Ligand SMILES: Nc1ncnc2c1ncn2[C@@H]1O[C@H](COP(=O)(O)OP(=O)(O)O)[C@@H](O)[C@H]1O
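Given as structure tokens, the chain that follows is alone and in the form deposited without the ligand.
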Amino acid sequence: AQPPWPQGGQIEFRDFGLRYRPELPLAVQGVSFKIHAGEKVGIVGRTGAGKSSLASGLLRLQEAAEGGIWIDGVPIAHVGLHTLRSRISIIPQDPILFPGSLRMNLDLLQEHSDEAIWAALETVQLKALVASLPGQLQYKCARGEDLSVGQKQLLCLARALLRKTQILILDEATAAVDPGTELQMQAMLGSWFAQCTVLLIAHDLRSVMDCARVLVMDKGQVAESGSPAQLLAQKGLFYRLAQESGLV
């Protein structure tokens, strides 16, 4: 046998644009960038800049209005949605566990042993937390209470490790999780998914500083593209966004 479709996770946007409703104008347009296989890239921009729309387009939540998206040479427009979203791991800001056990949320298809699960939960340092939990792997989470947003992101990471997905879209947390903790997880994303392609939608400019390449969205278009040092060297929107965040 040969390795599955996201062999490397190389993503290419080719004059990409979409719209969320037919009446509405393009949310993004003319978006062209190529993410390398296994690259950790950050996606930055002001609110409304269309950060989400890239992830929204990659998952084909919205179809391409213009241009197209490719993953490892494969036009995702021709890939069935079930194939597209089972091979890309999406970590939302507020992940939602479904009613059921922790184990089901970590491994719905029952493809893994309890041991493998604990091994992944250990990798993201949730083994202690889940062990503390009453049912442990059988812990039921809607039920009465939920885990902190940070932990649900970790769980999503844990499932992503169990799935061995090649592509990882992470929408950076803002609202609930600790900024120091949320940033601590970003750092160890690099070690945990060293060979994965990771798309970080970033609402905190501190998380993109270690990326190999950052894409700067501005009013639905790609205003800047390059390494942080390059973007900072250009003294453009990324550099300005860094200033406003207190980094420069």
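The numbering used is simple: start at 1 and walk along the sequence shown.
Note that the form deposited with the ligand bound isn't included here; everything after this is about it.
A.B. asks: In the entry with it bound, which of 33 to 41, 185 to 193, 51 to 59, 206 to 214 comes within 4.5 Å of the ligand (heavy atoms)?
C.D. replies: After filtering at 4.5 Å, what remains is 51 to 59.
A.B. asks: Considering only heavy atoms, tell me if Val198 and the ligand come within 4.5 Å of each other in the entry with it bound.
C.D. replies: Looking in the entry with it bound, residue contacts with the ligand do not include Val198, since no heavy atom lies within 4.5 Å.
A.B. asks: Counting only non-hydrogen atoms and a 4.5 angstroms cut-off, does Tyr20 reach the ligand in the entry with it bound?
C.D. replies: Answer yes; at least one heavy atom of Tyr20 falls within 4.5 Å of the ligand in the entry with it bound.
A.B. asks: Might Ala27 be said to contact the ligand in the entry with it bound, defining contact as any heavy atom within 4.5 Å?
C.D. replies: Looking in the entry with it bound, residue contacts with the ligand include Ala27, since a heavy atom lies within 4.5 Å.
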